[PDB]
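A quick write-up on the structure given underneath.
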Amino acid sequence: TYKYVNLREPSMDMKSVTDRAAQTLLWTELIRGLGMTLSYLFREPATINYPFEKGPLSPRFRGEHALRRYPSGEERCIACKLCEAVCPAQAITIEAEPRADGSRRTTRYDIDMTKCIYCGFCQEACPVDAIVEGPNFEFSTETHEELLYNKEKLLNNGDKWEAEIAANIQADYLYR
Amino acid sequence: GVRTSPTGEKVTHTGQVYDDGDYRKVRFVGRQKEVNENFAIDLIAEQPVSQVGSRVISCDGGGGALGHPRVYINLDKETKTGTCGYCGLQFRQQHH
Amino acid sequence: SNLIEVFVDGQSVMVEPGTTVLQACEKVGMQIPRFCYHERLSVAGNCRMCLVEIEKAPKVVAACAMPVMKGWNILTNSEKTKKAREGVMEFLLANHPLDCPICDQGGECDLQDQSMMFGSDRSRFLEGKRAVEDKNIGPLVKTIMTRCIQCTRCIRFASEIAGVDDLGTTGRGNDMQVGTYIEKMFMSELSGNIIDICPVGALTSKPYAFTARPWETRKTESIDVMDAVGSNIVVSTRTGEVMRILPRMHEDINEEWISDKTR
Amino acid sequence: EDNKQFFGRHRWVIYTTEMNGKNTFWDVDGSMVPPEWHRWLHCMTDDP
Amino acid sequence: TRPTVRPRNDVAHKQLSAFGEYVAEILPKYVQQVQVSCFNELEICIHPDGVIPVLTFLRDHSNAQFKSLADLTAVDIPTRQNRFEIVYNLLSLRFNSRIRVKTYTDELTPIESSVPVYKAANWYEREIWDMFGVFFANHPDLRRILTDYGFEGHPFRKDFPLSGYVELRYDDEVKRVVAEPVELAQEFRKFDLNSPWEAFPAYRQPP
Amino acid sequence: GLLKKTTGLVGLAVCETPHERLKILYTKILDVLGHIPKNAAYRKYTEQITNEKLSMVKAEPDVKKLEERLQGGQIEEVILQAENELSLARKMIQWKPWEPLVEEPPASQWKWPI
Amino acid sequence: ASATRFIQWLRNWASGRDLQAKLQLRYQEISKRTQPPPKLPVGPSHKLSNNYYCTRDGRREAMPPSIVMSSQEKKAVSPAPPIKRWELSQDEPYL
Amino acid sequence: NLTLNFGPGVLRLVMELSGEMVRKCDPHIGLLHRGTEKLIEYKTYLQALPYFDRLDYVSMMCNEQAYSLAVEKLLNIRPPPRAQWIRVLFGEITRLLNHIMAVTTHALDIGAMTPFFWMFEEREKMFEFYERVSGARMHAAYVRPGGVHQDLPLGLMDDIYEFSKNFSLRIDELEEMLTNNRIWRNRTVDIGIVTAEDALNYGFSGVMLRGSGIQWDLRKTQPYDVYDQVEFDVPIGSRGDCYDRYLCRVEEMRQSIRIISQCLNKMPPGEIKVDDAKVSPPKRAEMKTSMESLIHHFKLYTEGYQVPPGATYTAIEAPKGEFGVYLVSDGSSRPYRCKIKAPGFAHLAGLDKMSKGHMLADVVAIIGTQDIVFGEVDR
Amino acid sequence: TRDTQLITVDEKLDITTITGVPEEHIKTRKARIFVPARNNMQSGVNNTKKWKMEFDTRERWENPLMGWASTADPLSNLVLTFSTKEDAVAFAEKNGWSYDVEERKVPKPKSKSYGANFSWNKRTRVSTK
Amino acid sequence: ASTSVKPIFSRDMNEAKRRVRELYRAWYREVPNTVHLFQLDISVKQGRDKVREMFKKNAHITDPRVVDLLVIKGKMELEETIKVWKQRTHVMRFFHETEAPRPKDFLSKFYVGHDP
Ligand SMILES: CCCCCCCCCCCCCCCCCC(=O)OC[C@H](COP(=O)([O-])OCC[N+](C)(C)C)OC(=O)CCCCCCCCCCCCCCCCC
Ligand code: SF4
Ligand code: SF4
Ligand code: SF4
Ligand code: SF4
Ligand code: FES
Ligand SMILES: [K+]
Ligand SMILES: [Zn+2]
């Protein structure tokens, strides 16, 4: 099924020809366009008062990265390198070795936040919910070096955003 | 835990610290070295061993689907404690 | 002259007497699934992953061990063959631990890759799994024996190639365990080769533990210089570092084994 | 909060005039909102 | 029917097979192979001399009316003598069908430009020359389209390194952007992902 | 009946005598196909479909009812396709695409996967 | 929604429409940002019997292309029947 | 004549002007060529998915859909019915996102700035639908071979209904500013006229074909997903100029609301990705309890699923025209070749023809009416 | 049968000048044409079917900032696949590269007999199953 | 049979050499315009030396098809320069004014690193 957008024959009776002459001479349809912008002047603007107000987000938002812990304080990551294999941008670099107690843990865990495309595949791939993308989106830096995160930065983000990262995972894990 | 080498520089939980004559220490002049003060190797050692009454126990890290894959830990050996390969919680059998 | 004609999916192939169904399929480029069969160890026929249908035969035969008879038509892709593999793979994964992320074999596991290609895509095992005690057989081979699939490759290698009858099966039924029974170190000059033949993460390399995943290593084919045998090796590197040394096949020099010093 | 305001303006934060030793009377910043309130202020939840 | 398997359209598979023979009979001088895939796509493989005849026939014939060139691209297969493979995707609006026409060339053999048949092939052939180095004879205006001016090589060839041979940089001594040999602070890590177990026996090749 | 005011397609003018133009073009096509060898598949097929369309032009004087038979869109689109068919027939004589295959491809030219 | 009645009339007149019925600013008529937990269903393959993968393996049913003509009287045909002519919409034929 | 260098997506026009008239227009592209098609050869099929969000970065989920349809075709698997309805739902929301950008930035370029701000307050509300399903405002990567990543969050369909209940009024406000405006008409009427036969021979698609009366739309001639279970009308132009194409896009926005009203009422229950763990990853609650599910999660995210060898050309009716990928598989986990057919690549190549006998200021109108984004032209 | 004029060129195909490769990476590189060895950790043989062409490994050093693995070799990740050995040598010769070719190593056939495990008078008898 | 190959423009080296000289004349006449138009700091002598060096690199070719491609690419390169599609940076990429001289002898290469 199709419809025509601009297939019309204007009427040629003197009533209609004089209407179009009035529009041409009296600028009637241009003034009608001024009435549409006059109405907006008297509406409430959609602007929010950032930074005192913030735009709404959801529990699924993908922001700054963070490495999480178990409730005991043990790191969740067991250096399986699934996030490093799936990362479409190759932004994750991992080195691991047995820990002093024999556990499988990382010695290097860097995310180049300038290669990362903030896609979330790393948290989908992770089998222990170690690497997540948190809700923070306000971490712009003054240098390129501050955006090459290492394991210490990522563990500091996790200890900094656990209160809010845990709540978001609680509100979305049933959809995963 | 967090310790400082004989130059004032903190040592990370991986054991990393610049030698006394490493030029790479200049990056911390006027700035700081980021170290996490919550060493996980120490914290996991503070967890008491769980006393269970069966040969085989299962661990999912707590939280069901929010934990880690469910593994089963054998407890026959009475000289050591069965440790979880994912989360580090230790388990022992009830005196038999 | 003395060759006999058999068929693989209808294609004719000429094979010598005593050739197995598994070896007949190789000649046409078909590799039957396997866990317990190794071409350099004796035949065992216990994993049952090589079951294949023979046309007109009600009962599936073990390809690794069944000699091929004249005129047989081997159906390597029939529904009966495909159901046989899914059934065996289902049993093989029933008691297996969910250790793939923490298992050093992940990414190069013959149990993972034959589950993706020949097994089913989901589980219907609602019971509790079986866990077993870990043996300590030395400073080279790390044993996490909950992952063992009772294939007996290590038993046959330690006995027939290394000439050390220190590994065996203790127990019976679902409690059958592979090990030394007593606390004994498996220290032979060829001991490290049980890491390779073991298809699962039960036997892994202790020096290499947790250091890399197979997909990220670059493979450089080189020659061992630790002795005068000139064994062919593969040097696994990653980001400019040497991660491990694996044997490289050479029928005339070292086959697929290397000594512990080389490894 | 003021639930008669249109969505997006119904929650706001009046920042503190001092935080961690920094004078924030004029120099407020969006990163001064702690995580517990960061979830409520961005409407990721209805529970303060 | 299985909920997870793509359903088969046998009616359209028979129509496309019949038209493939139709084209194979009307133009025997060029057609080398005709085939229809399990998802109902028809490929006509031709000798490169038959580009203008075959394409004009498909555009103008009354039972073809393939009046739209959906796409024109190339594939590099280094193991063939004629590594490059020129693929023409055509759309018929009269018969609501699509046909694919494939030919071949190498580094030094040119392929007759199809701008006379489909005017859309102008830029599509500038991109094949720019990215693969195939030369098209009698092209009205052939030159690089996507790559940088003075760029050396053909990036989409299989033997061209992913990161190239030169990288740009601003140098304050000469007060201009310069080009220097490529150095990477982190090398592109190479992953060997292929499994050593065969996946699709239906496509197995004879030994 | 009543001549259409427009064809809907831009640049495709209305033809006031569709039947006359079609018989001229189909007859021209059949004349040109006479120069192609009889064994040629292009001649046998092109004549078969050309006659069917010509046999339908000399069976229905109603333009609106002729379109429903030809199933080629508006009658101005049929004429344009007839012109394209004629232009191809003249071009096929020069090409002669009924001769044997010029050259078979290399051994593995069309083998995929490699 | 806080506009006085005079301003509502002025904006409604200038735009020639009743804007108060369709506001571009969202109010309480939006979903609550905290929702009850879901319980999502499972697909047709979640069964404990009659569910062998070889009977629902889509990838293994794909075949290599069929060669209808390889170099190594009969009625003419087209790629498919000619496309059926479209009909005008009875909802709104002309805009 | 006079040769000028206009430009600083980012484009470079090398125009030859005889006073006020354009004699030849010579677009220079590649200012945003990034080697997407070569990079995809080093990625798995899942890793290549985010690359399609970034080709036409105004119609993100339609690019994802075309790639998924191509991979699903080579896999020989079928997404479940609910996933298809979701894809059509967000395919039509994505059409609104693109048409707002196309119409309003087109108007902004020719001096009409106000409608851009009105309709970008509706895009900001449609970006909230993207963010609530995927977590990213623009590059969702939500549509994947096999279906969609996650199911809709509870309450999202009520908010889609509230939005669509008011969007018709917003289009009327747009039309009150442009459709009958004599200044807007003088900038678009009889500008860039393309004949039907030239449109086909130059490889045009979408409103470029339909603005000139050609009755073609892949959603109706070659339907995909569940587009054959929705009722909508295809707008058709008569003059073939910029003004007729402008009306086609504005009417298509109204028909998207018509389709969206049906995807909300006809949404079925069920799963949202193919129940085949060898293609789509298992649920996280079963990857942590079943051995088979853990092996398949491990392999799908490290190696990826192998696609049977073959080559397909799959196309969809993207908002900008026919968008398609010629995807070649060698039987491994990584595509051997992925040519991306961007509709704006053929349209831009026709700028030289469409600009014959027009003023320099009509080139801006012509480029706007082709709806060109140089992420997909350059790739 | 081709109605197009052809010519005769008796010289070996050499495209080194029309490929854009810097001369450093044509003359000083050593291509290696080989069939990859089976990964010894697995029994599958599907990665030992096609010929490969890799180049000589060069220096990888440590990035001073992060410790990453830097490289100045543009060909470090280049791997080409060929159906036959001749196709591989043909491609290296016309690009001017110097190559070493290693012949395929197929595992020789073996005599497997399950009955030998229970021999009456031979050492093939196995002490366990 | 085997050596029968379709040509591009030339049928033998004599025809190909004609195109090479024509291209050389076109480049030689153009260098003064490029130096003035792009405000390059090189001299016309340096520019014409660079053209000669580029031509002499490909003086060992004896395949007419390879020569035709070299001329076809050269003509495109000249077009980008005459029409000022190139910028001052692209023209100055033939001179490598910022790359430090790489060592040529064995001892110099032995000290710096491992590359031969
Ligand atoms: C018995 C007594 C007899 C006395 C004489 C009677 C006189 C009768 C009336 C005379 C005719 C009326 C003339 C009106 C002016 C003509 C305008 C015109 O030419 O239109 C055609 C022109 C051209 O129209 P066109 O583009 O359609 O082209 C017409 C001609 N063709 C089609 C052939 C090309 O239109 C315009 O003027 C464009 C207007 C652009 C301005 C946009 C801003 C408008 C915003 C409104 C501002 C309101 C201003 C108020 C200022 C107040 C200040 C205090
Ligand atoms: S979000 Fe995507 S690109 Fe970023 S680190 Fe995770 S997987 Fe890599
Ligand atoms: S973050 Fe998760 S996926 Fe990545 S290595 Fe650690 S456990 Fe594995
Ligand atoms: S042996 Fe294989 S299947 Fe078992 S846990 Fe290790 S990688 Fe996974
Ligand atoms: S340890 Fe390994 S090789 Fe030995 S029986 Fe178990 S699975 Fe087989
Ligand atoms: S391989 Fe035959 S039973 Fe194990
Ligand atoms: K092992
Ligand atoms: Zn645990």
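Every chain is numbered from 1 and lettered A, B, ... according to where its sequence line falls, protein lines coming before strand lines. Read the numbers this way: they start at 1 and go in the same order the structure lists the ligands and their atoms. Computed over heavy atoms, backbone and side chain alike; hydrogens, waters and symmetry mates excluded.
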Looking only at heavy atoms, what is the nearest atom pair of [X] and [Y], with distance?
{"X": "C:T169", "Y": "C:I155", "result": "CG2-CD1, 3.7 Å"}
{"X": "E:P196", "Y": "C:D113", "result": "CD-OD2, 3.5 Å"}
{"X": "C:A158", "Y": "C:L167", "result": "CB-CD1, 4.0 Å"}

Any protein heavy atom at under 4.0 Å, with [atom] as the reference point?
{"atom": "atom 31 (N) of ligand 1", "value": "no"}
{"atom": "atom 36 (C) of ligand 1", "value": "yes"}
{"atom": "atom 50 (C) of ligand 1", "value": "no"}
{"atom": "atom 21 (C) of ligand 1", "value": "yes"}
{"atom": "atom 17 (C) of ligand 1", "value": "yes"}
{"atom": "atom 28 (O) of ligand 1", "value": "no"}
{"atom": "atom 43 (C) of ligand 1", "value": "no"}

Looking at A:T24, which atoms of ligand 1 are within less than 4.0 Å of one of its heavy atoms?
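Under 4.0 Å from A:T24, ligand 1 has these atoms: 20 (O), 21 (C).
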Numbered in order shown, the ligand 1 atoms found under 4.0 Å of a heavy atom of H:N186 are 26 (O)
Could you tell me the residue and atom name of the protein heavy atom closest to [atom], and the distance to it rounded to 0.1 Å?
{"atom": "atom 41 (C) of ligand 1", "value": "A:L30 CD1, 4.5 Å"}
{"atom": "atom 45 (C) of ligand 1", "value": "A:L34 CD1, 4.1 Å"}
{"atom": "atom 15 (C) of ligand 1", "value": "A:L25 O, 4.0 Å"}
{"atom": "atom 19 (O) of ligand 1", "value": "A:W27 NE1, 4.8 Å"}

Electrostatic pair [X]:[Y] at N-O distance under 4.0 angstrom:
{"X": "A:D101", "Y": "A:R99", "result": "yes"}
{"X": "C:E108", "Y": "C:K219", "result": "no"}
{"X": "C:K261", "Y": "C:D224", "result": "no"}

Confirm or rule out an N/O/S atom of [X], from backbone or side chain, lying less than 3.4 Å from the K ion (ligand 7).
{"X": "C:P199", "answer": "no"}
{"X": "C:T204", "answer": "no"}
{"X": "C:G201", "answer": "no"}
{"X": "C:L203", "answer": "yes"}

Any side-chain heavy atom of A:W27 within less than 4.5 Å of one from H:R182?
yes
Side chains of I:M41 and C:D104: does their closest heavy-atom pair fall under 4.5 Å?
no
Side chain to side chain contact (heavy atoms under 4.5 Å, CB included) between H:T188 and H:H106, intermediate numbers included
CA-CA 11 Å; H:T188 45; H:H106 178 200; 4.3 Å; yes
Under 6.0 Å from the ring centre and within 45 degrees of the ring axis: does the NZ or CZ of A:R105 meet both conditions for the six-membered ring of C:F210?
no
Candidates A:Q23, A:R20, H:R182; heavy atom nearest atom 24 (O) of ligand 1 found on H:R182
Spacing of CG belonging to C:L111 relative to CD1 belonging to H:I295, to within rounding of 0.5 Å:
5.0 Å
Calculate the angle formed at the Zn ion (ligand 8) by NE2 in B:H68 and SG in B:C84; 10° precision is enough.
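The two atoms subtend 100° at the Zn ion (ligand 8).
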Establish, from distance only, whether the side-chain atoms of C:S42 and C:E160 form a donor-acceptor pair under 3.5 Å.
yes
